[PDB]
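Enquirer: Structure: upload.txt, compact mmCIF, N, CA and C atoms.
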```txt
# COMPACT_ATOMS: atom_id res chain seq x y z
N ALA B 1 31.52 185.33 28.41
CA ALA B 1 32.65 186.05 27.83
C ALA B 1 32.39 187.54 27.83
N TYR B 2 31.16 187.95 27.53
CA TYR B 2 30.86 189.37 27.49
C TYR B 2 30.93 189.98 28.88
N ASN B 3 30.51 189.23 29.90
CA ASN B 3 30.63 189.73 31.27
C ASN B 3 32.09 189.85 31.68
N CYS B 4 32.91 188.89 31.27
CA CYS B 4 34.34 189.01 31.53
C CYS B 4 34.91 190.26 30.85
N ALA B 5 34.46 190.52 29.62
CA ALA B 5 34.85 191.75 28.94
C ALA B 5 34.37 192.98 29.69
N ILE B 6 33.17 192.91 30.26
CA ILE B 6 32.66 194.01 31.07
C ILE B 6 33.61 194.28 32.23
N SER B 7 34.08 193.22 32.87
CA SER B 7 35.01 193.38 33.98
C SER B 7 36.31 194.03 33.52
N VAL B 8 36.85 193.57 32.38
CA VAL B 8 38.12 194.15 31.94
C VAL B 8 37.93 195.60 31.52
N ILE B 9 36.73 195.97 31.08
CA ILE B 9 36.47 197.37 30.77
C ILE B 9 36.42 198.18 32.06
N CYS B 10 35.68 197.69 33.05
CA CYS B 10 35.46 198.50 34.24
C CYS B 10 36.72 198.64 35.08
N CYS B 11 37.60 197.63 35.07
CA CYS B 11 38.80 197.70 35.89
C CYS B 11 39.66 198.88 35.46
N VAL B 12 40.18 198.83 34.24
CA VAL B 12 40.94 199.92 33.66
C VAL B 12 40.41 200.12 32.25
N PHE B 13 40.51 201.36 31.75
CA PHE B 13 39.99 201.72 30.44
C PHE B 13 38.49 201.43 30.36
N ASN B 14 37.74 202.22 31.12
CA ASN B 14 36.28 202.18 31.10
C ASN B 14 35.69 203.28 30.23
N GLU B 15 36.40 203.62 29.15
CA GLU B 15 35.94 204.70 28.22
C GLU B 15 36.74 204.59 26.92
N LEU B 16 36.59 205.57 26.01
CA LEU B 16 37.37 205.60 24.74
C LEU B 16 36.78 204.63 23.71
N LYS B 17 35.48 204.32 23.80
CA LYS B 17 34.80 203.47 22.78
C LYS B 17 35.25 202.00 22.84
N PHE B 18 34.31 201.08 23.01
CA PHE B 18 34.60 199.65 23.05
C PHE B 18 33.81 198.84 22.03
N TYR B 19 33.23 199.50 21.03
CA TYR B 19 32.38 198.86 20.03
C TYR B 19 31.24 198.08 20.69
N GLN B 20 30.35 198.82 21.32
CA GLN B 20 29.08 198.27 21.79
C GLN B 20 28.07 198.17 20.66
N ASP B 21 34.62 187.16 79.10
CA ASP B 21 34.09 188.50 79.30
C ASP B 21 33.35 188.59 80.63
N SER B 22 32.02 188.62 80.56
CA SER B 22 31.22 188.74 81.77
C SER B 22 31.37 187.50 82.64
N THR B 23 31.31 187.70 83.96
CA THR B 23 31.34 186.58 84.88
C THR B 23 30.24 185.58 84.55
N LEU B 24 29.02 186.08 84.38
CA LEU B 24 27.91 185.20 84.04
C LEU B 24 28.16 184.52 82.70
N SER B 25 28.67 185.27 81.73
CA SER B 25 28.94 184.68 80.42
C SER B 25 29.96 183.56 80.54
N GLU B 26 31.03 183.81 81.28
CA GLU B 26 32.08 182.80 81.42
C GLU B 26 31.55 181.56 82.13
N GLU B 27 30.78 181.74 83.20
CA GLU B 27 30.30 180.57 83.92
C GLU B 27 29.26 179.80 83.12
N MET B 28 28.39 180.49 82.37
CA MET B 28 27.43 179.75 81.56
C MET B 28 28.12 179.04 80.41
N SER B 29 29.17 179.64 79.84
CA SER B 29 29.94 178.95 78.83
C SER B 29 30.60 177.71 79.40
N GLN B 30 31.13 177.81 80.62
CA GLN B 30 31.66 176.62 81.28
C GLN B 30 30.57 175.59 81.51
N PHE B 31 29.37 176.04 81.87
CA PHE B 31 28.25 175.14 82.06
C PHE B 31 27.94 174.38 80.77
N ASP B 32 27.90 175.09 79.65
CA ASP B 32 27.62 174.45 78.38
C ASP B 32 28.75 173.51 77.98
N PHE B 33 29.99 173.89 78.29
CA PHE B 33 31.12 173.00 78.06
C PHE B 33 30.96 171.70 78.83
N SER B 34 30.59 171.80 80.10
CA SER B 34 30.28 170.60 80.87
C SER B 34 29.15 169.83 80.22
N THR B 35 28.13 170.54 79.75
CA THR B 35 27.10 169.92 78.93
C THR B 35 27.66 169.46 77.59
N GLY B 36 28.65 170.17 77.06
CA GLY B 36 29.14 169.89 75.74
C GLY B 36 28.34 170.51 74.62
N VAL B 37 27.35 171.35 74.95
CA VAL B 37 26.51 171.97 73.93
C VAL B 37 26.67 173.48 73.95
N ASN R 1 57.35 209.68 0.92
CA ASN R 1 58.68 209.82 1.49
C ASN R 1 59.61 210.64 0.60
N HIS R 2 59.17 210.97 -0.61
CA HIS R 2 59.85 211.89 -1.53
C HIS R 2 58.76 212.84 -2.02
N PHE R 3 58.62 213.97 -1.34
CA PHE R 3 57.41 214.77 -1.44
C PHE R 3 57.81 216.24 -1.47
N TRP R 4 56.84 217.12 -1.22
CA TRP R 4 57.06 218.56 -1.27
C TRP R 4 58.18 219.03 -0.35
N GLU R 5 58.71 218.15 0.51
CA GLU R 5 59.96 218.46 1.18
C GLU R 5 61.04 218.80 0.17
N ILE R 6 61.21 217.94 -0.84
CA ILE R 6 62.23 218.15 -1.85
C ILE R 6 61.88 219.35 -2.71
N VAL R 7 60.59 219.51 -3.03
CA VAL R 7 60.14 220.64 -3.83
C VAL R 7 60.49 221.95 -3.14
N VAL R 8 60.20 222.04 -1.84
CA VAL R 8 60.46 223.28 -1.11
C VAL R 8 61.96 223.50 -0.96
N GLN R 9 62.70 222.45 -0.59
CA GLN R 9 64.13 222.60 -0.36
C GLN R 9 64.90 222.91 -1.64
N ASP R 10 64.34 222.59 -2.80
CA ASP R 10 64.93 223.00 -4.07
C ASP R 10 64.15 224.10 -4.77
N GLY R 11 62.84 224.18 -4.54
CA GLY R 11 62.05 225.28 -5.06
C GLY R 11 62.05 226.44 -4.09
N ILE R 12 63.22 226.73 -3.51
CA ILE R 12 63.39 227.94 -2.72
C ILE R 12 63.21 229.19 -3.56
N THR R 13 63.16 229.04 -4.89
CA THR R 13 62.93 230.15 -5.80
C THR R 13 61.45 230.33 -6.11
N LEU R 14 60.80 229.30 -6.65
CA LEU R 14 59.44 229.43 -7.15
C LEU R 14 58.68 228.13 -6.90
N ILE R 15 57.59 228.21 -6.15
CA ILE R 15 56.74 227.04 -5.92
C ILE R 15 55.26 227.40 -6.08
N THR R 16 54.96 228.68 -6.25
CA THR R 16 53.58 229.15 -6.30
C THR R 16 53.46 230.20 -7.40
N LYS R 17 52.36 230.95 -7.37
CA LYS R 17 52.02 231.90 -8.42
C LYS R 17 53.03 233.05 -8.50
N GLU R 18 53.15 233.61 -9.70
CA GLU R 18 54.00 234.79 -9.93
C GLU R 18 53.36 235.59 -11.06
N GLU R 19 52.58 236.62 -10.71
CA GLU R 19 51.94 237.45 -11.73
C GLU R 19 52.80 238.66 -12.05
N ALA R 20 52.95 239.57 -11.10
CA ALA R 20 53.99 240.58 -11.18
C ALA R 20 54.86 240.56 -9.93
N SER R 21 54.22 240.75 -8.78
CA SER R 21 54.85 240.82 -7.47
C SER R 21 53.73 240.79 -6.44
N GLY R 22 54.07 241.05 -5.18
CA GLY R 22 53.06 241.21 -4.15
C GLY R 22 52.36 239.92 -3.79
N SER R 23 51.10 239.78 -4.23
CA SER R 23 50.36 238.54 -3.99
C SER R 23 51.13 237.33 -4.50
N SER R 24 51.94 237.52 -5.54
CA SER R 24 52.78 236.44 -6.04
C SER R 24 53.82 236.03 -5.01
N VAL R 25 54.64 236.98 -4.56
CA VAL R 25 55.65 236.65 -3.57
C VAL R 25 55.00 236.38 -2.22
N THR R 26 53.81 236.93 -1.99
CA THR R 26 53.06 236.57 -0.79
C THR R 26 52.68 235.10 -0.80
N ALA R 27 52.27 234.58 -1.96
CA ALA R 27 51.99 233.15 -2.08
C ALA R 27 53.25 232.32 -1.91
N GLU R 28 54.36 232.77 -2.51
CA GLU R 28 55.64 232.08 -2.31
C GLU R 28 55.97 231.98 -0.82
N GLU R 29 55.88 233.10 -0.11
CA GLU R 29 56.12 233.09 1.33
C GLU R 29 55.08 232.25 2.07
N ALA R 30 53.85 232.20 1.55
CA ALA R 30 52.79 231.45 2.20
C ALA R 30 53.09 229.96 2.21
N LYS R 31 53.62 229.44 1.11
CA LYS R 31 53.95 228.01 1.09
C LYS R 31 55.38 227.72 1.51
N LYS R 32 56.34 228.56 1.11
CA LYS R 32 57.75 228.22 1.30
C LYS R 32 58.13 228.09 2.77
N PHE R 33 57.33 228.62 3.69
CA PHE R 33 57.64 228.50 5.11
C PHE R 33 56.42 228.09 5.92
N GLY R 34 36.06 197.10 15.33
CA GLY R 34 36.78 195.97 15.88
C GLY R 34 38.28 196.11 15.74
N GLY R 35 38.78 195.93 14.52
CA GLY R 35 40.20 196.10 14.27
C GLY R 35 40.67 197.51 14.60
N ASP R 36 39.87 198.51 14.24
CA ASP R 36 40.16 199.87 14.67
C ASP R 36 40.14 199.97 16.19
N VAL R 37 39.12 199.39 16.82
CA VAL R 37 39.05 199.37 18.28
C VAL R 37 40.23 198.60 18.84
N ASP R 38 40.59 197.49 18.19
CA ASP R 38 41.76 196.72 18.61
C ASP R 38 43.00 197.60 18.64
N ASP R 39 43.26 198.30 17.53
CA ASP R 39 44.46 199.11 17.43
C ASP R 39 44.43 200.28 18.41
N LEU R 40 43.25 200.86 18.63
CA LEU R 40 43.16 202.04 19.47
C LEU R 40 43.10 201.72 20.95
N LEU R 41 42.81 200.48 21.32
CA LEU R 41 42.64 200.24 22.75
C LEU R 41 43.46 199.07 23.29
N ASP R 42 43.58 197.97 22.54
CA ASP R 42 44.27 196.80 23.08
C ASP R 42 45.73 197.11 23.39
N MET R 43 46.44 197.65 22.41
CA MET R 43 47.76 198.22 22.64
C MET R 43 47.75 199.74 22.51
N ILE R 44 46.58 200.33 22.26
CA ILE R 44 46.37 201.77 22.20
C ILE R 44 47.11 202.40 21.02
```
Output the file's structure in the form of C-alpha cells.
Expert:
Amino acid sequence: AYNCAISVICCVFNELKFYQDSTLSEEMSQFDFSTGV
Amino acid sequence: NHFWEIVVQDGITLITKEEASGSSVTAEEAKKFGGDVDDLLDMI
C-alpha cells in the first residue's frame, strides 16, 4: 500500500508535504526451412 | 459574522482613543479605514 502511495505521489503532486535480405541469407533460410530448423 | 464591521459602519464617529486631537483622530483614521494533510492535498 505504501508503494502504491509512493506511485500516486510521484505521478502528480510530488510535493506540498505528505506526512512522512542478403542472397546468402535468403538461401540459407530456405535451406533451414527445407530442414525445418 | 456580527463583528467590527458593524462597529465601524456605525462607529464612524468614535472607535478609538480621543485625548484632545491629533494622535486621537490619527487613531480614529488608523482603524476606521493526516486530516490536515487530507484537507490540504486530497481535495486541496
Enquirer: Give the residues of chain R that lie within 8 Å of chain B; count all atoms listed in the file, and format the answer as an NGL selection string.
Expert: :R and (34 or 37-38 or 40-41)
Enquirer: Next, write the just-selected residues to a file, as a short mmCIF file (atom, residue, chain, number, x, y, z; two decimals), in the coordinates of the input, keeping N, CA and C atoms as the atom set.
Expert:
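As a result, part-v4.cif now contains:
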```cif
data_model
loop_
_atom_site.label_atom_id
_atom_site.label_comp_id
_atom_site.auth_asym_id
_atom_site.auth_seq_id
_atom_site.Cartn_x
_atom_site.Cartn_y
_atom_site.Cartn_z
N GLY R 34 36.06 197.10 15.33
CA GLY R 34 36.78 195.97 15.88
C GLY R 34 38.28 196.11 15.74
N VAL R 37 39.12 199.39 16.82
CA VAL R 37 39.05 199.37 18.28
C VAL R 37 40.23 198.60 18.84
N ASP R 38 40.59 197.49 18.19
CA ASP R 38 41.76 196.72 18.61
C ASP R 38 43.00 197.60 18.64
N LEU R 40 43.25 200.86 18.63
CA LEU R 40 43.16 202.04 19.47
C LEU R 40 43.10 201.72 20.95
N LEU R 41 42.81 200.48 21.32
CA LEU R 41 42.64 200.24 22.75
C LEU R 41 43.46 199.07 23.29
#
```
Enquirer: Hey, what does DSSP flag as alpha helix (DSSP H) within chain B? Can you give it to me as a PyMOL selection string?
Expert: chain B and resi 2-11+23-35
Enquirer: Those same residues, written as a PDB file, in the frame of the given file with N, CA and C atoms?
Expert:
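Result file follows (again.pdb):
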```
ATOM      1  N   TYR B   2      31.160 187.950  27.530  1.00  0.00           N
ATOM      2  CA  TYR B   2      30.860 189.370  27.490  1.00  0.00           C
ATOM      3  C   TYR B   2      30.930 189.980  28.880  1.00  0.00           C
ATOM      4  N   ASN B   3      30.510 189.230  29.900  1.00  0.00           N
ATOM      5  CA  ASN B   3      30.630 189.730  31.270  1.00  0.00           C
ATOM      6  C   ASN B   3      32.090 189.850  31.680  1.00  0.00           C
ATOM      7  N   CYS B   4      32.910 188.890  31.270  1.00  0.00           N
ATOM      8  CA  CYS B   4      34.340 189.010  31.530  1.00  0.00           C
ATOM      9  C   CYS B   4      34.910 190.260  30.850  1.00  0.00           C
ATOM     10  N   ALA B   5      34.460 190.520  29.620  1.00  0.00           N
ATOM     11  CA  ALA B   5      34.850 191.750  28.940  1.00  0.00           C
ATOM     12  C   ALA B   5      34.370 192.980  29.690  1.00  0.00           C
ATOM     13  N   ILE B   6      33.170 192.910  30.260  1.00  0.00           N
ATOM     14  CA  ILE B   6      32.660 194.010  31.070  1.00  0.00           C
ATOM     15  C   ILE B   6      33.610 194.280  32.230  1.00  0.00           C
ATOM     16  N   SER B   7      34.080 193.220  32.870  1.00  0.00           N
ATOM     17  CA  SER B   7      35.010 193.380  33.980  1.00  0.00           C
ATOM     18  C   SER B   7      36.310 194.030  33.520  1.00  0.00           C
ATOM     19  N   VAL B   8      36.850 193.570  32.380  1.00  0.00           N
ATOM     20  CA  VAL B   8      38.120 194.150  31.940  1.00  0.00           C
ATOM     21  C   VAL B   8      37.930 195.600  31.520  1.00  0.00           C
ATOM     22  N   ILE B   9      36.730 195.970  31.080  1.00  0.00           N
ATOM     23  CA  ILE B   9      36.470 197.370  30.770  1.00  0.00           C
ATOM     24  C   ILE B   9      36.420 198.180  32.060  1.00  0.00           C
ATOM     25  N   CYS B  10      35.680 197.690  33.050  1.00  0.00           N
ATOM     26  CA  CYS B  10      35.460 198.500  34.240  1.00  0.00           C
ATOM     27  C   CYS B  10      36.720 198.640  35.080  1.00  0.00           C
ATOM     28  N   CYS B  11      37.600 197.630  35.070  1.00  0.00           N
ATOM     29  CA  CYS B  11      38.800 197.700  35.890  1.00  0.00           C
ATOM     30  C   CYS B  11      39.660 198.880  35.460  1.00  0.00           C
ATOM     31  N   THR B  23      31.310 187.700  83.960  1.00  0.00           N
ATOM     32  CA  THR B  23      31.340 186.580  84.880  1.00  0.00           C
ATOM     33  C   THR B  23      30.240 185.580  84.550  1.00  0.00           C
ATOM     34  N   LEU B  24      29.020 186.080  84.380  1.00  0.00           N
ATOM     35  CA  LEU B  24      27.910 185.200  84.040  1.00  0.00           C
ATOM     36  C   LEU B  24      28.160 184.520  82.700  1.00  0.00           C
ATOM     37  N   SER B  25      28.670 185.270  81.730  1.00  0.00           N
ATOM     38  CA  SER B  25      28.940 184.680  80.420  1.00  0.00           C
ATOM     39  C   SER B  25      29.960 183.560  80.540  1.00  0.00           C
ATOM     40  N   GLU B  26      31.030 183.810  81.280  1.00  0.00           N
ATOM     41  CA  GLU B  26      32.080 182.800  81.420  1.00  0.00           C
ATOM     42  C   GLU B  26      31.550 181.560  82.130  1.00  0.00           C
ATOM     43  N   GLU B  27      30.780 181.740  83.200  1.00  0.00           N
ATOM     44  CA  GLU B  27      30.300 180.570  83.920  1.00  0.00           C
ATOM     45  C   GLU B  27      29.260 179.800  83.120  1.00  0.00           C
ATOM     46  N   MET B  28      28.390 180.490  82.370  1.00  0.00           N
ATOM     47  CA  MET B  28      27.430 179.750  81.560  1.00  0.00           C
ATOM     48  C   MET B  28      28.120 179.040  80.410  1.00  0.00           C
ATOM     49  N   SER B  29      29.170 179.640  79.840  1.00  0.00           N
ATOM     50  CA  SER B  29      29.940 178.950  78.830  1.00  0.00           C
ATOM     51  C   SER B  29      30.600 177.710  79.400  1.00  0.00           C
ATOM     52  N   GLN B  30      31.130 177.810  80.620  1.00  0.00           N
ATOM     53  CA  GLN B  30      31.660 176.620  81.280  1.00  0.00           C
ATOM     54  C   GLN B  30      30.570 175.590  81.510  1.00  0.00           C
ATOM     55  N   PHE B  31      29.370 176.040  81.870  1.00  0.00           N
ATOM     56  CA  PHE B  31      28.250 175.140  82.060  1.00  0.00           C
ATOM     57  C   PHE B  31      27.940 174.380  80.770  1.00  0.00           C
ATOM     58  N   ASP B  32      27.900 175.090  79.650  1.00  0.00           N
ATOM     59  CA  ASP B  32      27.620 174.450  78.380  1.00  0.00           C
ATOM     60  C   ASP B  32      28.750 173.510  77.980  1.00  0.00           C
ATOM     61  N   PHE B  33      29.990 173.890  78.290  1.00  0.00           N
ATOM     62  CA  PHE B  33      31.120 173.000  78.060  1.00  0.00           C
ATOM     63  C   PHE B  33      30.960 171.700  78.830  1.00  0.00           C
ATOM     64  N   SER B  34      30.590 171.800  80.100  1.00  0.00           N
ATOM     65  CA  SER B  34      30.280 170.600  80.870  1.00  0.00           C
ATOM     66  C   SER B  34      29.150 169.830  80.220  1.00  0.00           C
ATOM     67  N   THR B  35      28.130 170.540  79.750  1.00  0.00           N
ATOM     68  CA  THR B  35      27.100 169.920  78.930  1.00  0.00           C
ATOM     69  C   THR B  35      27.660 169.460  77.590  1.00  0.00           C
TER      70      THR B  35
END
```
Enquirer: I'd like the interatomic distance between CA of residue 4 in chain R and atom N of residue 31 in chain R, to a tenth of an Å.
Expert: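 Separating CA of residue 4 in chain R from atom N of residue 31 in chain R is a distance of 11.7 Å.
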Enquirer: To one decimal place in Å, what is the distance between CA of residue 3 in chain R and atom N of residue 24 in chain R?
Expert: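 Separation between CA of residue 3 in chain R and atom N of residue 24 in chain R: 23.8 Å.
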Enquirer: How many Å lie between atom C of residue 36 in chain R and atom C of residue 1 in chain R, rounded to one decimal?
Expert: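 Between these atoms lies a distance of 27.1 Å.
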Enquirer: For range 5-44 of chain R of the structure just presented, write N, CA and C atoms to a file, as a compact mmCIF listing (two decimals), in the first residue's frame.
Expert:
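Contents of the output file out21.txt:
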```txt
# COMPACT_ATOMS: atom_id res chain seq x y z
N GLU R 5 -17.21 44.98 11.70
CA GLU R 5 -17.89 45.56 10.55
C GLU R 5 -18.99 46.51 10.99
N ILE R 6 -19.85 46.04 11.89
CA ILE R 6 -20.96 46.84 12.38
C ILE R 6 -20.45 48.00 13.22
N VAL R 7 -19.42 47.74 14.03
CA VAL R 7 -18.83 48.78 14.86
C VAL R 7 -18.31 49.92 14.00
N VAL R 8 -17.58 49.59 12.94
CA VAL R 8 -17.01 50.62 12.08
C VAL R 8 -18.11 51.34 11.30
N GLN R 9 -19.05 50.58 10.73
CA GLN R 9 -20.09 51.19 9.92
C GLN R 9 -21.04 52.06 10.74
N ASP R 10 -21.12 51.84 12.05
CA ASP R 10 -21.87 52.73 12.93
C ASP R 10 -20.98 53.59 13.81
N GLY R 11 -19.78 53.13 14.14
CA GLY R 11 -18.83 53.95 14.86
C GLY R 11 -17.99 54.76 13.90
N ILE R 12 -18.63 55.31 12.87
CA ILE R 12 -17.97 56.27 12.00
C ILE R 12 -17.58 57.53 12.75
N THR R 13 -18.06 57.69 13.98
CA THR R 13 -17.71 58.82 14.83
C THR R 13 -16.50 58.51 15.72
N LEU R 14 -16.60 57.48 16.55
CA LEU R 14 -15.58 57.21 17.55
C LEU R 14 -15.44 55.70 17.74
N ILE R 15 -14.23 55.19 17.50
CA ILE R 15 -13.95 53.77 17.73
C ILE R 15 -12.63 53.59 18.46
N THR R 16 -11.88 54.67 18.65
CA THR R 16 -10.54 54.59 19.25
C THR R 16 -10.37 55.75 20.22
N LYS R 17 -9.12 56.01 20.59
CA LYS R 17 -8.79 56.98 21.62
C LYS R 17 -9.16 58.40 21.19
N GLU R 18 -9.43 59.25 22.19
CA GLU R 18 -9.70 60.67 21.97
C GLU R 18 -9.22 61.43 23.20
N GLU R 19 -8.01 61.98 23.13
CA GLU R 19 -7.47 62.73 24.28
C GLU R 19 -7.77 64.21 24.12
N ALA R 20 -7.16 64.86 23.13
CA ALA R 20 -7.62 66.17 22.70
C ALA R 20 -7.92 66.17 21.21
N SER R 21 -6.90 65.83 20.42
CA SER R 21 -6.94 65.81 18.96
C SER R 21 -5.66 65.13 18.49
N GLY R 22 -5.39 65.19 17.19
CA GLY R 22 -4.12 64.71 16.67
C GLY R 22 -3.98 63.21 16.73
N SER R 23 -3.15 62.72 17.66
CA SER R 23 -2.99 61.28 17.83
C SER R 23 -4.33 60.60 18.06
N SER R 24 -5.28 61.31 18.66
CA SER R 24 -6.62 60.78 18.84
C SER R 24 -7.31 60.55 17.49
N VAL R 25 -7.41 61.60 16.68
CA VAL R 25 -8.06 61.44 15.38
C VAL R 25 -7.17 60.63 14.45
N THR R 26 -5.86 60.63 14.69
CA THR R 26 -4.97 59.74 13.94
C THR R 26 -5.30 58.28 14.22
N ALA R 27 -5.59 57.94 15.48
CA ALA R 27 -6.02 56.58 15.80
C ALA R 27 -7.37 56.26 15.18
N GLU R 28 -8.30 57.22 15.23
CA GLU R 28 -9.59 57.03 14.56
C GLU R 28 -9.39 56.71 13.09
N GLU R 29 -8.58 57.51 12.40
CA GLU R 29 -8.28 57.24 10.99
C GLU R 29 -7.53 55.93 10.81
N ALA R 30 -6.71 55.55 11.80
CA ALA R 30 -5.93 54.33 11.70
C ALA R 30 -6.82 53.10 11.68
N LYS R 31 -7.88 53.09 12.49
CA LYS R 31 -8.77 51.94 12.46
C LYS R 31 -9.95 52.11 11.51
N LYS R 32 -10.52 53.31 11.41
CA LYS R 32 -11.77 53.48 10.68
C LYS R 32 -11.63 53.15 9.20
N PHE R 33 -10.42 53.12 8.66
CA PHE R 33 -10.23 52.79 7.25
C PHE R 33 -9.11 51.77 7.05
N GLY R 34 -2.38 14.17 9.14
CA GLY R 34 -3.29 13.29 8.43
C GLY R 34 -4.52 14.00 7.92
N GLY R 35 -5.44 14.32 8.84
CA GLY R 35 -6.62 15.06 8.45
C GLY R 35 -6.29 16.41 7.86
N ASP R 36 -5.31 17.10 8.45
CA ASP R 36 -4.82 18.33 7.84
C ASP R 36 -4.22 18.05 6.47
N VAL R 37 -3.41 17.00 6.37
CA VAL R 37 -2.86 16.62 5.07
C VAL R 37 -3.98 16.22 4.12
N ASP R 38 -4.98 15.51 4.64
CA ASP R 38 -6.14 15.16 3.83
C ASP R 38 -6.78 16.40 3.22
N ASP R 39 -7.08 17.38 4.07
CA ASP R 39 -7.76 18.58 3.60
C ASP R 39 -6.88 19.38 2.65
N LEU R 40 -5.58 19.42 2.91
CA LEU R 40 -4.70 20.25 2.10
C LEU R 40 -4.27 19.58 0.80
N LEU R 41 -4.44 18.27 0.68
CA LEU R 41 -3.91 17.65 -0.53
C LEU R 41 -4.91 16.78 -1.28
N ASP R 42 -5.75 16.01 -0.58
CA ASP R 42 -6.64 15.08 -1.27
C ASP R 42 -7.61 15.83 -2.18
N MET R 43 -8.30 16.82 -1.63
CA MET R 43 -9.07 17.76 -2.42
C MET R 43 -8.45 19.15 -2.41
N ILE R 44 -7.31 19.30 -1.74
CA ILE R 44 -6.53 20.54 -1.70
C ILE R 44 -7.28 21.66 -0.98
```
